[PDB]
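Presented as structure tokens, the chain that follows is alone, the form solved without this ligand.
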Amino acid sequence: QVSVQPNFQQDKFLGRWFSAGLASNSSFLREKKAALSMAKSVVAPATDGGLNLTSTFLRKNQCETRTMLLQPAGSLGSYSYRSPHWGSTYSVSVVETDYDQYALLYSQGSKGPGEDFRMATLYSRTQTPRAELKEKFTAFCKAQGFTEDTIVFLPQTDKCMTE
């Protein structure tokens, strides 16, 4: 029931994004706030189909790298993520994007221990999204049922943002 960007163009969605905001129904991403920080995500086509999302971020004094395979899920802009460790599947949709400034992503659990997990993500091409950019995110989050207290604009880190 989640919207995908109309006429989504995957080859315009590639490259470097910064996670500049998030909201979730996690009982303790509600308390990892605010040890949460901005991540650099690099989007690239996977040879087996779909996109690889390579995220780099600061955790407890070091840079950690995570790669997520997003498999096409039936519609342009609609993907699925299968957790290798946790036998959970998530639907991941690019709800709205202008390709060169921002992308609003929505992730929802489908199967497994993460079944009822919900998360909205603000991707930004820059580390410093404009107000009207953050308002689109806030608007999307609140429409989705996220309360103001669960909406977090992730602060920049200096570390782990390099190539």
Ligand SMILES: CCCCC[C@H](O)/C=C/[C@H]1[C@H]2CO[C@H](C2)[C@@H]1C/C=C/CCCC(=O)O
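Numbers for residues come from their place in the sequence shown, where the first is 1.
The same protein also has a form deposited with this ligand bound, omitted here; what follows describes it.
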{"query": "4.5 Å heavy atom contact with this ligand in the deposited complex for all of 41, 81 and 123", "finding": "yes"}
{"query": "Any non-hydrogen atom of residue 110 within 4.5 angstroms of this ligand in the deposited complex", "finding": "no"}
{"query": "Residue contact check: residue 19 to this ligand in the deposited complex, 4.5 Å heavy atom", "finding": "yes"}
{"query": "Any non-hydrogen atom of residue 36 within 4.5 angstroms of this ligand in the deposited complex", "finding": "yes"}
{"query": "Residue 99, heavy atom within 4.5 angstroms of this ligand in the deposited complex", "finding": "no"}
